[PDB]
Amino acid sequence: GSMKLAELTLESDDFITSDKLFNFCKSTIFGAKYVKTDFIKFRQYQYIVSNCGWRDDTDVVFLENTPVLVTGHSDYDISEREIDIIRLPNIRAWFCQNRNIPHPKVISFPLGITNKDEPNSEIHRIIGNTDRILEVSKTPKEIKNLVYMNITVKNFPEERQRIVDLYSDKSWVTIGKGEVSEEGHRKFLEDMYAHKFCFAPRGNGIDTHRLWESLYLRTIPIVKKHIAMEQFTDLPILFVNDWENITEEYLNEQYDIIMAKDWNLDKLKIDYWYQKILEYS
């Protein structure tokens, strides 16, 4: 229920991944179609799309006869470009990654954790290991420092270059050195677990894995305000107007407030989103 971030407890099957939602939608009894966002953005017909063999899905989708649409597995957003699909009266709900239009019919869902089962990707297999996240979350949370910073600036520099430039040299920041390996993943999670805060700026897409990775480890992610994030304001996320003038005093106060407040942490659990889709069946 409504509870404190510190009180969060996870089971092995709780973690949100887009594969779990995609798999959920394969059972057509639940009356929901999952399409990779690319096939919406680059549609060759206004109201007809297909996964074109993505996840071995060759079905042609007729959106005029689709009651619930679900899009993800893409850093692409849902924006004004898709307004003609959104205005279809037969569509009761559009569940999407990267909601970027202020329309009440479009419902954000968390990017969550990397899809471990991405076929020939060793990187997806390593970072997608939710067991390792679960294991670390059950160890004693021993705070080593205020904020964890482990950021590849390339993914979206206008924000990420400022974070590295402004805060790399702060005593209250620990710089993380990402090693893409089974040992490296464990070390990364342990580091992040031992901080009150993690920097979770947007990347190529608005939503990032770091945001969700942080919340499962009961570490507070820091994220720039965006319409894409506006339905997650009942999660203990530190939303910032910009990246300038973060201090030890500012973060210590935000820590005391966020940890004192009660949050809808059920939204971190895949079951929430299964039931939310079933609600529009």
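Counting begins at 1, following the sequence as shown.
Taking the mean C-alpha B-factor of each stretch as recorded, 109-117 and 172-180 are not equal, and the higher mean is that of 172-180.
Here the stretch with the larger average CA B-factor, out of 237-245 and 59-67, is 59-67. For the set 88, 166, 147, 194, the PDB entry assigns the largest Cα B-factor to 88. When the C-alpha B factors of 226, 26, 218, 36 are read from the deposited coordinates, the top value falls at 26. Annotation for residue 207: CA B-factor lies in the lowest third of the chain's modelled residues. When the modelled residues of the chain are ordered by C-alpha B-factor, residue 10 sits in the highest third. In this PDB entry, the Cα temperature factor of residue 251 sits in the bottom third of its chain's modelled residues, the lowest group. Residue 260: CA B factor in the highest third of modelled residues in this chain (values from the PDB entry). Per the deposited record, the Cα B-factor of residue 101 falls in the middle third when ranked against the other modelled residues of its chain.
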